[PDB]
Structures are given as structure tokens and as C-alpha cells.
């Protein structure tokens, strides 16, 4: 069944794969290594934006943040182009999710305040959603580079799925803020070859990707069936057998997602 197919994907890509799809009223949970730890990588940027939204009025989105070239210490497709002008908190949220912008993520972490440049506050926000598992210990780009087995900067497919479920389908955020998070994930630019590539075109997919060393490739998504039925899909992977320089394999995530989509259809 599904377990054997996931295991064959692991063999095919020389990878470790984790999958979680929460149960619904009519479907069973799908789980494969769902309670094993995997590095967040940039998937944390989605609940990070939720934390900032939660903690502030909507007018906070229009606050201008200034930063320097030396502040850019991670891949930052949007922030690279706005050193002179700055970026608003809302623009940083947009960039963090839609382009996986690392400087935007670090500035949003800083905006949360507190120890660890915001990382403790972020972890605290997850705790407020009942996630006692995940932890963020570093900012970008260090958080994507911990050795396999290190618990720093890790979550589990199970844990992050339940968090994303509350944020997008639940009531963790009031409707107006929830709609912002959902819109940013819906217009993500980095996910076409991952969960999106596993679901037929008549399914809606919103997502946030993560990529790291040791061949890390993650994607977390909410998907809607052609009749409007929602599901949460978390897929995480690494290729520790290839060492630090191992190439991430998007096709592994696309194949895993295709397996999931077939079961959910």
C-alpha cells in the first residue's frame, strides 16, 4: 500500500521522506515517518507571518522597516532590491512567503522581539497553538544547515500539519488576518514542482516550501478538491546519505504528493 510506495520513493531518491495528512470527517490520516524530526528550513516562514499578524493590528503592516546591505545574510530575492527604500512589514510578509525571502524572515523575527532575535518568541507562538514539538533556535541561513539528527530548528510532518491546519482552516487567526496568510500562500512562486506538481489542475493548492543542505526539500500545503473539500498536506525530505552538498530532489515531493492525491480523489 501507501507505506510500501513511500519506501520505494526513499530507495529511488536515496532519501528520507516524511508525510502527514490530517484525518477529516470522512478520511483517515495519511502518515509516513510523521513523528520523526525534520529541519523546518523555510517552511517556518508561513507560521512566522501568522505570529506577526496575530501580535499586531492591521496598521502594523504599513510600518516601514529600514535595513542595510550588510543585514542581507541569506537568499533574499525581494529584500536585495529595497535596501535604499526599506520595506513595510506587509511587504516583508509577502516576500517571506512568496519568495522565501530570508532577510524578510529575519526582520520579521526581530519584529517579534525577545531573546534569540525573535526565535524564542516564534517558538512560543507555536506553543500557543498546541505545538510542543517544534523548535526554532537560529535565524536565516543557519537554521537550514544543522546536521541530520540535530534537534535544533526541527519540526515533524505531524506537528507542522496541525499548525497549518489551525492557521488556514481553523480559527487561530481572525478572518481578515487569516485571509492575508491564505492569499500570500496562494500566490507563492516557489512551489510549482513540489506538492502542486502532484495534484491535478482542478485542485487548488496553496503552499510554503523549504530547502536546505543535506538535500533538504520540504513543502507544506492546504489543498481543495474539485468540489471544495480541504486537506492539509505536509511533505518533508532529506538526503543525508549524500552529505552536506546533497542535491534536494523536488521530484521526490511531487511523486509523494501524487500518491496522496490519488488516495484523496
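Positions refer to the first chain, counted from 1.
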Of 234-242 and 63-71, the stretch whose C-alpha atoms average the higher B-factor in the entry: 63-71
Higher-B stretch (mean Cα B-factor, as the entry records it), 214-222 or 31-39: 31-39
Out of 128, 76, 182, 190, highest CA B-factor residue: 128
For residue 148, the third of its chain into which the C-alpha B factor falls: middle
Assigned third (lowest, middle, highest) for the C-alpha B factor of residue 111: middle
Ranked C-alpha temperature factor of residue 135 among modelled chain residues, by third: highest
Third assignment of residue 48 from its chain's C-alpha B-factors: lowest
Record-listed C-alpha B factor of residue 92: chain third: lowest
